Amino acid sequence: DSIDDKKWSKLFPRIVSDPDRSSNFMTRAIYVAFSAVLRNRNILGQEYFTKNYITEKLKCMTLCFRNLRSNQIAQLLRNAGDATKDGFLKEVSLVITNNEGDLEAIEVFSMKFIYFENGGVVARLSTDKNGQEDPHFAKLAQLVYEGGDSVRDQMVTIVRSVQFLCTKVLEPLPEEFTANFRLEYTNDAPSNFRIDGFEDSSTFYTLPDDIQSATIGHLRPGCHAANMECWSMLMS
């Protein structure tokens, strides 16, 4: 059970069935997906991205480690991704607003997470706030790890969907906007736990009532699960 793609090996682990690499793939997952989103929505210019292979089928622009700014943003997502190791990360989302730092978003690219108790089969419960089941829970809990190649296809689906939404579906962003990364901790995460680069906040983000959405794709490595969605006012 391994991903034998020659290109895949550079950015990703060849094996995603064990806890460490399952969590590590997620970190690499966050990095690639949000790189494509930032690039294809033209939040950042080309010069912050390095052309990379995901598979022999698909290329992608990933945040450049050799540019000052893009390296900071890559580091930011790497910290968020590392929190996946102990099940401390509920959600990371690229949040676009009119002004820094509005609560209600114009557009949001969200990755939402779920962790599994042991063997990577039974899902750890993820709740409100009020005790209510999380919106992204059911869909991800029903899933079963189907091998490394299934995960490879999921990563390809996500990046291709990201490219599709920005190229064919989404209206352009305004001349003036502010885009920042906002995350949510799991309840399991202790008070002593904080993710570098992210300020503590009592507020997250909100969406207008008339918000439209689209599913970018899901991820099911051996011991983790994620769903990526696009929320925006600029569809069609």
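Start at 1 with the first residue shown and count on from there.
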Next on the checklist: Please compare 186-194 with 41-49 and name the stretch with the higher mean C-alpha B-factor in the deposited structure.
Outcome noted: 186-194
Checklist outcome for this item: Entry B factor averaged over C-alpha atoms, 160-168 against 144-152: higher for 144-152
Next on the checklist: Quick check on the deposited entry: does the C-alpha B-factor of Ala33 sit in the lowest, middle or highest third of its chain?
Outcome noted: lowest
Checklist entry - Mind checking which third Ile211 falls in for C-alpha B-factor across the chain? => result highest
Next on the checklist: Sorting by Cα B-factor within the chain, modelled residues only, which third would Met111 end up in: lowest, middle or highest?
Outcome noted: lowest
Checklist outcome for this item: Split the chain's modelled residues into thirds by Cα B-factor; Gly81 lands in the lowest
Checklist entry - Which third, lowest, middle or highest, does the CA B-factor of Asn24 fall in along this chain? => result middle
